[PDB]
Amino acid sequence: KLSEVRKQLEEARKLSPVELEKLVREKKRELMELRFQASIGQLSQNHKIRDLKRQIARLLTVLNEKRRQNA
RNA sequence: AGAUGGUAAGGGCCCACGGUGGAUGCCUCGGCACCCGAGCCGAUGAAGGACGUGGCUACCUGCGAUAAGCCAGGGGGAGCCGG
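Residues numbered from 1 in each chain as written, not as in the entry; some residues may be left out. Chains lettered and ligands numbered in written order. Part of a larger assembly, values for the part shown. Heavy atoms only, no water.

Structure determination for this entry is recorded as X-ray crystallography, at 3.50 Å resolution.

Have a look at this one:
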């Protein structure tokens, strides 16, 4: 998954500021559905939940990076 | 008529044998002095907190709605996802 964390980075860092904001919004919705039903009982699966947080993070990080409009 | 021993409800002293009780000896993640270096934090919001945060978490610690955590660079070399 490491080179896929790098898939996130190298293929979502390099994909527009505006579309990035929209990206992480979608991501938010995703995790919402996750934690949501994962609680409701059956199909309660772990892992991915935390991962999504991790995912979220990098996006926003790099978001602010190029959203600090500096390089 | 004379004789002079005698059992123990319970007790004392004594020994072995237990229970409580923590001594002492030894142990040291902590403590003690001194010696050397080091020595400012804050409006960039400090020292210090409240609440929260983990799939399941009561406390401790860790972080901060990007919550037991993200990015880049360096270390290092088989293990890791806190106690």
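That covers the picture; the talk isn't over yet.
Undergrad: Which residues make up the pattern of salt bridges, and what values do they have?
TA: Overall, the coordinates contain two salt bridges when judged by the stated rule. Notably, a salt bridge pairs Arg13 with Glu65, separated by 3.9 Å at the nearest N-O pair. Pair noted here: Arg13 is in the loop between helix 1 (2-10) and helix 2 (18-39) and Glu65 is in helix 3 (residues 48-67), with a separation of 52 residues, a long-range link. Residue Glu65 is classed as partly exposed on the basis of its relative accessible area of 32%. The salt bridge involving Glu30 is made with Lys48; its shortest N-O contact spans 3.6 Å. With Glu30 in helix 2 and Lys48 in helix 3, this pair connects stretches of sequence that are 18 residues apart. On the accessibility criterion, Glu30 (32% relative accessible area) is partly exposed. Residue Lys48 is classed as partly exposed on the basis of its relative accessible area of 45%. (Salt bridge = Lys/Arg side-chain N within 4 Å of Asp/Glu carboxyl O. Helix = DSSP H or I, 4+ residues; strand = E, 2+ residues; numbered from the N terminus. Buried < 20%, exposed > 50% of the residue type's maximum accessible area, 1.4 Å probe, protein only.)

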